[PDB]
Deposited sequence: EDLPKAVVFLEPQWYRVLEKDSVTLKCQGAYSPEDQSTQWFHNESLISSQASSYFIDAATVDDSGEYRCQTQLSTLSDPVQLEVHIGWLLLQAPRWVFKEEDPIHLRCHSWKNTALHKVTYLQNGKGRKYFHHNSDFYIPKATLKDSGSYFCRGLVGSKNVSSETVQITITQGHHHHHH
């Protein structure tokens, strides 16, 4: 039950690849999985078998220009927080800002991942990203990140 890439939140037309140690929404599949170009229906619960029966692994396919991706949303103090501002069809994104609690925290001329190497309590809040695709101003939905000790 491994995701390649690790992003569990993806965007329509993203390639996902799933690995084993299938049941799509507790139901049989076409082969014994490569998603070539996602849609909203590719969302939901996923499990695998050939060995035992795996845990549940959730995949959210979203619709939008931008999607703020993280490996998870709950982090220990001093853990590294890796945020990716993912654009639809990997469309070139420029003048990119990652916001926290409605304030610009980090700015990039060209789309770049915003890596925080050592999480602190101060890193909790709602995050989103925005940027320019050509001359269109676009933003992602917000996500909540919480930090514990």
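Problem set entry | In sequence order, the deposited-sequence ranges that have no modelled C-alpha atom | Sequence ranges with no C-alpha atoms are 1-7, 29-39, 51-53, 72-73, 173-179.
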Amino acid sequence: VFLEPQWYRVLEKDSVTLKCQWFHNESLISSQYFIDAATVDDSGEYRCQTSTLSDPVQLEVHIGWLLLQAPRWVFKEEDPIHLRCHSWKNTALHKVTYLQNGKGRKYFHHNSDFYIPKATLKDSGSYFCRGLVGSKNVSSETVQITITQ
From here on, numbers count along this sequence of modelled residues.
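Take the two forms, find the largest set of C-alpha atoms that superpose within 1.5 Å, and that set is the rigid core.
Problem set entry | Core-aligned Cα RMS comparison in 4 other deposited structures of this protein - stretch that moves more, 92-100 or 108-116 | Once the core is superposed, the stretch further away in 4 other deposited structures of this protein is 108-116.
Exercise. Can you tell me which stretch has the higher mean Cα B-factor, 113-121 or 88-96?
Worked result: Comparing 88-96 with 113-121, the higher average CA B-factor belongs to 113-121.
Exercise. Should the higher mean CA B-factor in the entry be assigned to 134-142 or to 10-18?
Worked result: Comparing 134-142 with 10-18, the higher mean C-alpha B-factor belongs to 10-18.
For this session: Report the option among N101, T39, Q49, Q69 whose CA atom has the maximum B-factor in the deposited record.
Result: Largest recorded C-alpha B-factor: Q49.
Problem set entry | Chain-relative CA temperature factor third for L28 | Highest third.
Exercise. What third of its chain's C-alpha B-factors does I63 belong to: lowest, middle or highest?
Worked result: According to the entry, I63 has a C-alpha B-factor in the chain's lowest third.
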